[PDB]
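Number of protein chains: 2
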Amino acid sequence: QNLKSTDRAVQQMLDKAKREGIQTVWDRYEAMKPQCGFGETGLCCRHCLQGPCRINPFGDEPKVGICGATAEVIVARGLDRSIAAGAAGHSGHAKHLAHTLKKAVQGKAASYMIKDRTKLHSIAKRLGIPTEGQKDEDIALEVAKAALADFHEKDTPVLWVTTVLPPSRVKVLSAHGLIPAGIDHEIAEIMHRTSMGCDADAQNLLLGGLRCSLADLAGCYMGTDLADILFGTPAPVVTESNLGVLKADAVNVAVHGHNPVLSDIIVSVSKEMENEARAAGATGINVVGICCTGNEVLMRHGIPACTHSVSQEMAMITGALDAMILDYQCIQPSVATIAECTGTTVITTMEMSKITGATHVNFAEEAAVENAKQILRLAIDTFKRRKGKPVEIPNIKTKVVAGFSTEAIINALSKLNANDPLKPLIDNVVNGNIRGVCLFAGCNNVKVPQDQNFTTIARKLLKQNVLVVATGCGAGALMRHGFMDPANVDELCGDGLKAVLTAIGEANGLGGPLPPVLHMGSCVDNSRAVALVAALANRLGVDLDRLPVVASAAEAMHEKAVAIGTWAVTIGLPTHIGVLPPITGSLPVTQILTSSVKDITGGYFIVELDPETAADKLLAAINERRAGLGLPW
Amino acid sequence: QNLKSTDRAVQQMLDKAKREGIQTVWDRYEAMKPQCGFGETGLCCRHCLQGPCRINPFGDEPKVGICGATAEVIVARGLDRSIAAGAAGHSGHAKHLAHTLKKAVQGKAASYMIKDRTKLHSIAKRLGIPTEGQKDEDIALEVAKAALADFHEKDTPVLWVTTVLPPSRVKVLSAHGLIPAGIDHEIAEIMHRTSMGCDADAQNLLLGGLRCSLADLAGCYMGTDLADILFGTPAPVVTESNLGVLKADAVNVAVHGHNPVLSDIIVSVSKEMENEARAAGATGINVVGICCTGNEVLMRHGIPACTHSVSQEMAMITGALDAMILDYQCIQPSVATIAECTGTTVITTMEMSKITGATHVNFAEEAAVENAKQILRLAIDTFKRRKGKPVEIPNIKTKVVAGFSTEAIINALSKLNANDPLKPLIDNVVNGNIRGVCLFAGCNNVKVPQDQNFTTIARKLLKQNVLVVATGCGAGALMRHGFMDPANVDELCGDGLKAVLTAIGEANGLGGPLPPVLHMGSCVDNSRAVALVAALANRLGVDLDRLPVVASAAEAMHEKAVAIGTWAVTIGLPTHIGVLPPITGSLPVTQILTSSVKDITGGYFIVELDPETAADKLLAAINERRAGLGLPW
Ligand code: SF4
Ligand code: SF4
Ligand code: FES
Ligand code: FES
Ligand SMILES: [Fe+2]
Ligand SMILES: [Fe+2]
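Sequence order for the protein chains is X and X'. A prime marks a further copy of an entry chain.
In this text, residue positions in the first sequence follow the deposited numbering: the first is 4, and each later residue adds one.
In this text, residue positions in the second sequence follow the deposited numbering: the first is 4, and each later residue adds one.
Okay, here's the thing in structure tokens:
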């Protein structure tokens, strides 16, 4: 099972699944081998009914699409559509939050409110929305309207791009025509330009992709902004992770998907229903997180993380998961079928994300508490139905310190320098105690033994004094392997990095260091990493493509991860991807993405499947940046 | 060559291409065989980096996607993305026209103006925009703003759906949640819901598809509305079609793509440059049309159609095509390479639609005349470079009577009944002189011998007294085979239909019938057919799903054709498709699309590759509708 997942709790559940004849993602992957080499290389096109078209990577015919589409066009069109799809997910999420905020302040959704007034005001100020002598509700209404306005063309470009990146960066991007006009506008334009008989120049197509990736960035940043206003900006919190956070004597409820609009209410209502749960013979309702929405409630409330990404089915295999409450994105639809074997009640809540065989309970923001109670009562009923049934919860969990929003990080640093909080970080970059910064982001992928890339690369970087920050299922991987436990600083961290983590931790009253890796939150909260890096850029008076900062989507899966990787490149970062995106069938496209894009944005992809080699390449990228700033490395 | 195209001019050019070693779409198709059966059936998914996934249509593993996505989910997601892509094209086109109208009336694009004031006012009235005591420029500004507003969420749904279909139809669609909230909104929502781990219920996914198809309808209708305001509502016009419309002694300039914003100016400026062209040794500039933008200028100005869709390369093979002026959509990128052999100057004009190797001349509406002149001067230079070179223009063309906008049709009918113009049409439906109405729409497809389905089905329906209307490359097929020549009425038409065409024609001063098939314009002008059918529905006090009206995308290719077929189904029409869309890998999806959707919208797909059988099925559909209305059949 170690060949499938490096997580021992997951290995234990794989054995149980095998024993019980429950097919898993790894089994479905095995059944899929060998996968289609045209698809793998990107040399397939189904954009019209003359297809499917393919191009032999090497050899003889077919060499070109039926319409004349070259390998470089077909590869760039496929990639662009993946970016658009990612953008559509992150921005759909953000749009949902924008409508919820609007409803809240118009009196239509009393379960929601402005929880972070300071965040609201700072966002308003960043957007140019006056606050002076204005009601919070009116400021919030204006912020919500601005959010919604960024989805379409108007007299300004997308403000959730132009107001969050330094002017110098916006200038470089504007010069290449890369600033998005509107989020859904760009998504639609990608789908148009990649449809048959339209855009057929690789460079032109890829530039459209870069621009659509910035529309994804805007959706991410908007999502984080709005979730913070509504639900609170995260601060350091201590919790736990892995399957051992499930409790046989509790009603175990997983929140799974992405949007805190749902999970946040689940969390608060679950506390209100403790006595009902105990009436049913449970100790209480034990809310646990899966995927991003688990990250959202972990960051804000310390809700323990059950599992992530590829291993999500394993939570069910325990026999103790009474409910899995879904909104959208990254939910393996297998869960609806597995539920029949495991007894878990899988509940969908969003009109556009249903799964055949799951129970659908519409969740309206206007009736959030009522709908939450309905959902949680299904969970309590399920708990009762497993009275007397043995469960197998692996007794495996890690301690997780998380909640490192950019505000939280700035606050932590301010204990070392009150009026110049970034300076201690920069001081230690300059003196070599911090070599650079690496953001781990994105998914697990069944092709990579689960977590192997994240942990292998993180271990090498931490020993080389890289400050490691993490989001999404990257943060999930690292938390499950102990990288968010400060007790592991001595083992994992180089002396320089240890010194800094310890210094900041001791200044914050901990008597101990910050954790080895800083959990910056969900995938939309990759925007937090952008906020930090942009604040560092502004403080140094240089652009992001001069900073010793890199990203690694070390086990990427979702179209969202492709969009995130692409905007990381577009904002100026060397960006590692540890799975093959479908680009290798075109050398020219690969060359643009891994090399010539440096001349456009300063960032570039690093495609490297071997994690030890990936680490070396990321370190080289970091050190090149150090050299560029005249620093020793 | 008859196995490739039924068009003799195309056959002649195929022989020339073969002789000269110029690879064509048919050669690239042959080189692609056998095509991938997973793609053909829809049983392939590349929506994440765990893929590519496939499902054996029959047999053993793989039976399910890696994430657990079933055949029915994978098929419905693929289809939905095609609908979104189609919607993105038609609506991008419409958006372009909306911005042009806005610029025109704000004084920023003096080459454009309100040409059809009556159309402007009627659209304003339909949208609820007051005109009483308003300047045309201000009304137009409000119409342009309303157009742009339909792309995003607002306090009203998409008005270019809700104001163009009868209330009863809007009610049925609203009841199923099918009315689009915003055009780009829906496009984005499709891309989201079809991304990994989101929507995973075939019925739910397909309903999203139906709704996105109505967003495509809105883009089509908006495009037609705006093009009419800007460039004039078509009226009956006589012209010619096929390769024989090229002239060895003229500068031959093809307008190819979709948007009249470009081609309309090309047409007017070309007339202004006659003396320059003659200075270069040409008789003049001979503008000819390819694809929809050719249809636009044919409908409004009588510009002859050179060719369409699959055979577009053949115009170049003549040796006489001096320029091919492109905007976007349906342009085989092969043209850029073929140009090198044929001498043709291929010119792209839109930022989001470039082709490697083509000359790009940016076309700004603000500088339309200047940019048009630059483009046409490249054409004149090219004409000069072929002085003394033999050309082979097949001496093959047909007479085409076209320009049958819905207003034109209503006007024609009004000569028989001034104050109830639809009544003569309905009278003849009731008495059996007109059996029903069939709209031919959409593309040619290299898989079908070019035009074979259109002409085979049209011939059978016309003999059975079906009133045949046509748009896009369906209209192209039929025009090239003589179906738009009134001299062919005796040969093609049943006695009943002949009687009616003759009656209307003689009432309109022709001394002869209307043509066998009524050309209703470009693909966005499928919206004109909707206007006619909706006016008939309103006049009869019944919904569209009770009318003896069917559609046939007999040789469909583009994602746009899939979107159009899907909205034809959604508005209540039996809708034939003569190529296999990638749905056969899921029986449940096929069953929904061909059967159970009847219970939702009253329309349904008829998938039938055999054109004689397709004709029989369309006739059966028509006659079933007749029976439903209590009429003999
Ligand atoms: S768009 Fe071109 S390459 Fe793609 S399926 Fe159609 S003919 Fe083939
Ligand atoms: S979304 Fe599911 S079926 Fe599609 S490629 Fe990814 S794992 Fe395979
Ligand atoms: S030929 Fe396998 S992905 Fe299309
Ligand atoms: S396996 Fe051929 S279309 Fe994907
Ligand atoms: Fe996520
Ligand atoms: Fe078209």
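Even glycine gets a Cβ: it sits at the ideal position worked out from N, Cα and C.
Residues in its own chain within less than 6 angstroms of X:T458 by CB, not counting five upstream and five downstream?
-> As a position in the first sequence, residue 458 of chain X is number 455, starting the count at 1. Taken in chain order, the residues that qualify are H484.
Skipping 5 residues on each side, what residues in its chain have a beta carbon closer than 7 angstroms to that of X:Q4?
-> Taking the first sequence and counting its residues from 1, one reaches residue 4 of chain X at position 1. Excluding sequence neighbours, X:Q4 sits near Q14, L17, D18.
Drop a sphere of 10 angstroms on the beta-carbon of X':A415, count the other beta-carbons inside from all chains shown, and report buried for 16 or more, exposed for fewer.
-> By one-based count along the second sequence, residue 415 of chain X' stands at place 412. Burial call: buried.
Nearest-residue set for ligand 3, Cβ under 7 angstroms from any heavy atom = X:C39, X:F41, X:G42, X:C47, X:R49, X:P55, X:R57, X':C39, X':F41, X':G42, X':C47, X':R49, X':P55, X':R57
Just reading off the alpha helix (DSSP H) that X:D141 is part of, what are its end residues?
-> Counted from its first residue, the first sequence places residue 141 of chain X at position 138. Where X:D141 is concerned, the enclosing alpha helix (DSSP H) stretches over 139-152.
To which residues of the same chain is X:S589 closer than 6 angstroms at the C-beta, ignoring the five residues directly before and after it?
-> Along the first sequence, one-based indexing puts residue 589 of chain X at 586. The residues are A74, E75, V78.
C-alpha distance - X:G581 paired with X:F608, whole-angstrom precision | Position 578 of the first sequence holds residue 581 of chain X. Position 605 of the first sequence holds residue 608 of chain X. Roughly 10 angstroms separates the two Cα atoms.
Nearest-angstrom Cα distance between X':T242 and X':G292?
-> As a first step, residue 242 of chain X' is located in the second sequence; it is residue number 239 there, counting from the start. As a first step, residue 292 of chain X' is located in the second sequence; it is residue number 289 there, counting from the start. When rounded, the distance between both Cα atoms is 11 angstroms.
What are the residues of the segment 193-212 of chain X' that lie near chain X, defined by any Cβ-Cβ distance shorter than 9 angstroms?
-> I193, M194, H195, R196, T197, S198, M199, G200, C201, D202, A203, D204, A205, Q206, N207, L208, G211
Distance, Cα to Cα, X':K620 vs X':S598?
-> Translated into positions along the second sequence, residue 620 of chain X' becomes position 617. Translated into positions along the second sequence, residue 598 of chain X' becomes position 595. Using only the alpha carbons, I get a separation of about 14 angstroms.
Mind listing the chain X' neighbours of X:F486? Cutoff is C-beta to C-beta under 9 angstroms, in chain order.
-> Position 483 of the first sequence, counted from the start, is the residue given in the question as residue 486 of chain X. By Cβ distance, chain X' contributes nothing, its closest Cβ being about 23 angstroms from X:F486, past 9 angstroms.
Nearest-angstrom Cβ-Cβ length linking X:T348 and X:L329, presumed shorter than 8 angstroms = Here the question's residue 348 of chain X lines up with position 345 in the first sequence. Here the question's residue 329 of chain X lines up with position 326 in the first sequence. Between X:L329 and X:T348 the Cβ distance is about 11 angstroms, and since that is not below 8 angstroms, they are no contact.
Listed by chain order, chain X' residues near X:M276 by CB distance under 9 angstroms = For the purposes of this step, residue 276 of chain X is identified with residue 273 of the first sequence, where counting begins at 1. By Cβ distance, chain X' contributes nothing, its closest Cβ being about 28 angstroms from X:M276, past 9 angstroms.
Could you list the residues in the segment 37-63 of chain X' with a C-beta less than 8 angstroms from some C-beta on chain X, going in chain order?
-> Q38, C39, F41, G42, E43, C47, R49, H50, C51, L52, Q53, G54, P55, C56, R57
With burial defined as no fewer than 16 other Cβ atoms inside 10 Å of the residue's Cβ, what is the status of X:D267: buried or exposed?
-> The residue labelled residue 267 of chain X in the question sits at position 264 within the first sequence. By the neighbour-count rule (16 or more Cβ atoms within 10 Å), X:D267 is buried.
Check whether the Cβ of X:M199 lies closer than 7 angstroms to any heavy atom of ligand 1, and answer yes or no.
-> For the purposes of this step, residue 199 of chain X is identified with residue 196 of the first sequence, where counting begins at 1. X:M199 Cβ: within cutoff of ligand 1.
Chain X residues whose Cβ lies nearer than 7 angstroms to that of X':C333 = Mapped onto the second sequence, residue 333 of chain X' falls at position 330. What X':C333 touches in chain X: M199, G200.
beta-carbon X':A72 near ligand 2 non-hydrogen atom, thresh 7 angstroms = Here residue 72 of chain X' corresponds to residue number 69 of the second sequence, with the count starting at 1. The answer is yes for X':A72.
Tell me where the alpha helix (DSSP H) around X:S125 begins and ends.
-> Looking up residue 125 of chain X in the first sequence gives position 122. Looking at the DSSP string, the run of the alpha helix (DSSP H) that includes X:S125 is 120-130.
Let me know the beta strand (DSSP E) ranges lying completely inside the segment 466-505 of chain X, each 3 residues or longer, listed in chain order.
-> 469-474
Chain-ordered residues of the segment 144-163 of chain X' with a beta carbon less than 8 angstroms from chain X = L151, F154, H155, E156
Applying a beta-carbon distance threshold of less than 9 angstroms, which residues of chain X neighbour X':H179?
-> The residue you call residue 179 of chain X' lines up with position 176 of the second sequence. The contacting residues do not exist; X':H179 stays about 12 angstroms from chain X at best.
Nearest-angstrom Cα distance between X:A20 and X:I320?
-> Here the question's residue 20 of chain X lines up with position 17 in the first sequence. Here the question's residue 320 of chain X lines up with position 317 in the first sequence. Going by the C-alpha atoms only, they are around 6 angstroms apart.
Listed in chain order, which residues of the segment 555-566 of chain X have Cβ atoms closer than 8 angstroms to some Cβ of chain X'?
-> Answer in chain order: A559, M560, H561, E562, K563, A564, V565.
Give the range of the beta strand (DSSP E) segment to which X:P614 is assigned.
-> As a first step, residue 614 of chain X is located in the first sequence; it is residue number 611 there, counting from the start. In this chain, X:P614 is not harboured by any beta strand (DSSP E); it is covered by the alpha helix (DSSP H) spanning 614-631.
Supposed contact pair X:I625 and X:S555 - C-beta distance, whole angstroms, cut 8 angstroms = Residue numbering aside, residue 555 of chain X sits at position 552 when the first sequence is read from its first letter. Residue numbering aside, residue 625 of chain X sits at position 622 when the first sequence is read from its first letter. The pair is not a contact, with the Cβ atoms about 11 angstroms apart (cut-off 8 angstroms).
Is X':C223 near ligand 6, judged by its Cβ being under 7 angstroms from some heavy atom?
-> Counting from one through the second sequence, the residue named residue 223 of chain X' turns up at place 220. For X':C223, the CB stays at least 7 angstroms from every heavy atom of ligand 6.
Under 8 angstroms from the C-beta of X':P65: neighbouring residues of chain X = Position 62 of the second sequence, counting from 1, holds the residue named residue 65 of chain X'. Simply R31, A34, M35.
Residues that DSSP places opposite X':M327 in a beta bridge = Start at 1 with the first residue of the second sequence, and residue 327 of chain X' comes out as number 324. Beta-bridge pairing links X':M327 to X':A257, X':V349.
So the alpha helix (DSSP H) X:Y32 belongs to, where does it begin and stop?
-> Counting from one through the first sequence, the residue named residue 32 of chain X turns up at place 29. Looking at the DSSP string, the run of the alpha helix (DSSP H) that includes X:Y32 is 28-35.
Can at least three beta-carbon pairs, one atom from the segment 324-338 of chain X' and one from the segment 251-267 of chain X', be found at a separation below 8 angstroms?
-> yes
Output, in chain order, the set of chain X residues within a Cβ distance shorter than 7 angstroms of X':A540.
-> As a position in the second sequence, residue 540 of chain X' is number 537, starting the count at 1. Going along chain X, no residue has its Cβ under 7 angstroms from X':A540, so there is no contact; the nearest lies around 29 angstroms.
Going along chain X', which residues have a C-beta under 9 angstroms from X:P307?
-> Taking the first residue of the first sequence as 1, we reach residue 307 of chain X at position 304. Within chain X', no residue comes near X:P307; the closest Cβ sits about 22 angstroms away, beyond 9 angstroms.
Are the C-beta of residue 639 of chain X' and some C-beta of chain X separated by less than 8 angstroms?
-> An answer regarding residue 639 of chain X' cannot be provided, because it is not within the stretch 4 to 636 covered by chain X'.
When we look at the beta-carbon of residue 659 of chain X and count the other beta-carbons within 10 Å, is it buried (16 or more) or exposed?
-> Because chain X in this structure spans residues 4 to 636, residue 659 of chain X falls outside the shown range and cannot be described.
Does the beta carbon of X':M355 come closer than 8 angstroms to any beta carbon on chain X?
-> If you number the second sequence from 1, residue 355 of chain X' lands on position 352. Taking Cβ atoms only, chain X reaches closer than 8 angstroms to X':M355, which makes this a yes.
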